[PDB]
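Residue numbers (the deposited numbering), protein chains in the order written: chain K, 1 to 115; chain J, 1 to 69; chain C, 4 to 265; chain L, 26 to 70; chain B, 834 to 882.
Cβ coordinates follow ideal geometry from the N, Cα and C atoms, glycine included.
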Amino acid sequence: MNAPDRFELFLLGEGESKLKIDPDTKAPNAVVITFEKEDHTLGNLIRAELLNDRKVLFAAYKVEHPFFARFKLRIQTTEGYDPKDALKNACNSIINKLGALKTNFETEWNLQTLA
Amino acid sequence: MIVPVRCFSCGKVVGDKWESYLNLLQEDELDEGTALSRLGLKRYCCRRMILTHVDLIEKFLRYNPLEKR
Amino acid sequence: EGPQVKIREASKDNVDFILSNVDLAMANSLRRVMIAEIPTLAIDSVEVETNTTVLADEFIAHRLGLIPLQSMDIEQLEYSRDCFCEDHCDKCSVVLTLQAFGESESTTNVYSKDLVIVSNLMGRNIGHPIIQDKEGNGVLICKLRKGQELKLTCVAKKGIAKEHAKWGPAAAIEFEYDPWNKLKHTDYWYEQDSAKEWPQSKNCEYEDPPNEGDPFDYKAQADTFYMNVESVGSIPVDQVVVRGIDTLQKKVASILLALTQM
Amino acid sequence: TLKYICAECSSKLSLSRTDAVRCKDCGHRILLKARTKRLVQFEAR
Amino acid sequence: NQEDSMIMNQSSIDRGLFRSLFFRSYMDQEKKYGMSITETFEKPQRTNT
Ligand SMILES: [Zn+2]
Ligand SMILES: [Zn+2]
Ligand SMILES: [Zn+2]
Numbered sequence: 001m002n003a004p005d006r007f008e009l010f011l012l013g014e015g016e017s018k019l020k021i022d023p024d025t026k027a028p029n030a031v032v033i034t035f036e037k038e039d040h041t042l043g044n045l046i047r048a049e050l051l052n053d054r055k056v057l058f059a060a061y062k063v064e065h066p067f068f069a070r071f072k073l074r075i076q077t078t079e080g081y082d083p084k085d086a087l088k089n090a091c092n093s094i095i096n097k098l099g100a101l102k103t104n105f106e107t108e109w110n111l112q113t114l115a
Numbered sequence: 001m002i003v004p005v006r007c008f009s010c011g012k013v014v015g016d017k018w019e020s021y022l023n024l025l026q027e028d029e030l031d032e033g034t035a036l037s038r039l040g041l042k043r044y045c046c047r048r049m050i051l052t053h054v055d056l057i058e059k060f061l062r063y064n065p066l067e068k069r
Numbered sequence: 004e005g006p007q008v009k010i011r012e013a014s015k016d017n018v019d020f021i022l023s024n025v026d027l028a029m030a031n032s033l034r035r036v037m038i039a040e041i042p043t044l045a046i047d048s049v050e051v052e053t054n055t056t057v058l059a060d061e062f063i064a065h066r067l068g069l070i071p072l073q074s075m076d077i078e079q080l081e082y083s084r085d086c087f088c089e090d091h092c093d094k095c096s097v098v099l100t101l102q103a104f105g106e107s108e109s110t111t112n113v114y115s116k117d118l119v120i121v122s123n124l125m126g127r128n129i130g131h132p133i134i135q136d137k138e139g140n141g142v143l144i145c146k147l148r149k150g151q152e153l154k155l156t157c158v159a160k161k162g163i164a165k166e167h168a169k170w171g172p173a174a175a176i177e178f179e180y181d182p183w184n185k186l187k188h189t190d191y192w193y194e195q196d197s198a199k200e201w202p203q204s205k206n207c208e209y210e211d212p213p214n215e216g217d218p219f220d221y222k223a224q225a226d227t228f229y230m231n232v233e234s235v236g237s238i239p240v241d242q243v244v245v246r247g248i249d250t251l252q253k254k255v256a257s258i259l260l261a262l263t264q265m
Numbered sequence: 026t027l028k029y030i031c032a033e034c035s036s037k038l039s040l041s042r043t044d045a046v047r048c049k050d051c052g053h054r055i056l057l058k059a060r061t062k063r064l065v066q067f068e069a070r
Numbered sequence: 834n835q836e837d838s839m840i841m842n843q844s845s846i847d848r849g850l851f852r853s854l855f856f857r858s859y860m861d862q863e864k865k866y867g868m869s870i871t872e873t874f875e876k877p878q879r880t881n882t
């Protein structure tokens, strides 16, 4: 009756965007990015790759409610480093690592004879 | 009622392993555990999916059809 | 250079491998994507013409929706939500037809081998129900007494496990790391001795046991994940892993695209 | 007219408003209306 | 799952766990209000009802 449609978990609704960035007034050079129609699958990956960066002072994410598929990611970097640049670098590193992993898995699977 | 298509927990397809299970139980006189292991059900989720099923559909089939063609 | 993979066992429906030189978050994200985000074909709509059986119409519809279908070329199909047709067409769906009649004095078993593809697949490799057993009969869909009939049509659209678990191609995914608990990520419950009461995992043979006198290594991170992917049958298990990696990469690329475009 | 099935003979009959509800084959007084001809749609979820 | 709540697996529900059929029956008779005041099962028309 009140159960929402399952495609609402991954399909963007009308009038909303995937990302929205709002500055944080608690600390200098900090932003909060709301990701819509996403969950821990992307949030944990992005947070870990951000923490791998050396100029990122703070990086965390939270899913405020399991009912809704969205999460908030707070990023604070050192002076003179744009948090959006940190997000770009994290995403680029993730893509490169995943591409290398796909290549390695394909090469390893090509070596099988009992498949 | 009738054998479930997939294991509820993991999702392994078990709807094609019911007649084989019955044949193993009857023709080969295998016990339930060995028959389950033979069909490839190693996780106990699938094992409880196939082991505890009650085939009530046979009872339903005993009654004469309401609309017979 | 990057994440390194070594595979132990390869089968038609299982692949058991090691995923080394990689973060825990990446491995868990890959596992979650394999569970949920891989597109697959499955029957979505059922038009029932005749059902004189002992099962309810939606019961049979649910059973049909749980039938695994071939999805090797699922990437060539389009989602029904973003297709220009009215309800279903050939660019975004596959039409099957189940027509069974109980003309035998004994019970007649309606399997999934009786599902017949009607829509022209246009040379794709989708639609065929997956047959695994040696007998050749697929999933036992229904049973018929003499004189009972079951006529129905099915429309199959592509979907992912997030919308409904019937689209999940990945079954159970074994995922373990650090078999010797050298990272101390767990505190073992025990009564007398933790080592005796907890059986050693099969992966313990692939790592050096701790020396029991060395100090705790606080700088060590988590890597070398032992993962075993099982395939329902819709796509080969190696394709399951590859498409999971591809889908995760697509998600991150879409994040980059949205960031750049805004 | 409208179609019904004898609850025992499982035979098909056509009944009008003035027809007494009985099965001409056996005389059974219980009849079940026939399945509708309009298509029925089910979500396989 | 606090205070006797439970967490159920949604994927398990999707595959048929604890799914149920529910039947409800409505009975209706025509009664002889008089010698020729018998009720009649029919499709009522807004013109004369
Ligand atoms: Zn299972
Ligand atoms: Zn279409
Ligand atoms: Zn009769």
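May I ask you to check if the CB of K94(C) is nearer than 6 Å to at least one heavy atom of ligand 2? yes
Does the distance between the C-beta of residue 21(L) and the nearest non-hydrogen atom of ligand 3 fall short of 6 Å? Residue 21(L) is absent from the structure shown; chain L starts at 26 and stops at 70.
Between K42(J) and chain L, is any beta-carbon pair separated by less than 7 Å? no
Going along chain L in order, which residues have a C-beta closer than 9 Å to the C-beta of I46(C)? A69
Quick one, which of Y209(C), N17(C), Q7(C) has its alpha-carbon nearest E233(C)'s? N17(C)
Helix, strand or coil, according to DSSP, for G139(C) in the structure here? coil
Can you give the beta carbon distance from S23(C) to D226(C), rounded, assuming they're within the 8 Å contact cut? 6 Å
On the CB-based measure, 16 or more other CB atoms within 10 Å of its CB, does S17(K) come out buried or exposed? exposed
CB of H53(L) to nearest heavy atom of ligand 3: below 6 Å? yes
So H131(C) is in the beta strand (DSSP E); what residue range does that whole segment cover? 129–132
Taking the alpha-carbon of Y221(C) as reference, which of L186(C), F228(C), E208(C), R127(C) has the nearest alpha-carbon? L186(C)
Taking C-beta to C-beta, are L50(K) and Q76(K) nearer than 7 Å? no
Roughly how many whole angstroms lie between the Cα atoms of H65(C) and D19(C)? 32 Å
Taking any Cβ of chain J, which residues in the region 38–67 of chain C have a Cβ under 8 Å from it, in chain order? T55, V57, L58, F62, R66
Reduced DSSP secondary structure (H/G/I, E/B, other) of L153(C): strand
Following the continuous beta strand (DSSP E) through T882(B), name the residue where it begins and the one where it ends. Here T882(B) belongs to no beta strand (DSSP E), and DSSP marks it neither H nor E.
Decide if the region 4–15 of chain J is in contact with the region 137–149 of chain C; the criterion is three or more beta carbon pairs, one per stretch, under 8 Å apart. yes
Please state the DSSP three-state secondary structure of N23(J). helix
Cβ-Cβ separation, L251(C) to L33(C) (assumed contact under 8 Å), whole Å: 6 Å
Check each candidate in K42(J), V54(J), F60(J) and name the one with the smallest Cα separation from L22(J). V54(J)
Contact test: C10(J) Cβ vs ligand 2 heavy atom, cutoff 6 Å: no
Please find out if some non-hydrogen atom of ligand 3 comes closer than 6 Å to the beta-carbon of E81(C). no
7 Å is my cut-off, CB to CB: does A30(K) come that close to chain C? no
Is the separation between the beta-carbon of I163(C) and that of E40(C) shorter than 7 Å? yes
With a threshold of 7 Å on Cβ separation, who are the neighbours of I77(C) within its own chain once the five nearest residues in sequence on each side are excluded? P42, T43, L44, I129, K161
Does ligand 1 have even one heavy atom less than 6 Å from the beta-carbon of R43(J)? yes
Scan the region 192–247 of chain C and note each continuous alpha helix (DSSP H) run of 4 residues or more that stays entirely inside, going in chain order. 197–200
Reference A100(K); option with closest CA among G5(C), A261(C), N214(C), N231(C): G5(C)
With DSSP as the reference, please indicate the residues paired to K161(C) in a beta bridge. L44(C)
Determine, using beta-carbon pairs with one atom in the region 114–126 of chain C and one in the region 90–102 of chain C, whether at least three such pairs fall under 8 Å. yes
Keeping to the same chain, check which residues put their C-beta closer than 6 Å to that of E152(C); ignore five residues upstream and five downstream. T53, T55, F104
Would you report the Cα separation of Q66(L) and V51(C), rounded to the nearest angstrom? 7 Å
In angstroms, rounded to a whole number, what distance separates the CA positions of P239(C) and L72(C)? 12 Å
Between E200(C), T189(C), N184(C), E177(C), which has its C-alpha nearest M37(C)'s C-alpha? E177(C)
Here's a check: name, in chain order, each residue in its chain whose Cβ is nearer than 6 Å to the Cβ of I21(K), leaving out the five neighbours to either side. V31, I33
Which one of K154(C), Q135(C), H131(C) has the shortest CA to CA distance from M75(C)? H131(C)
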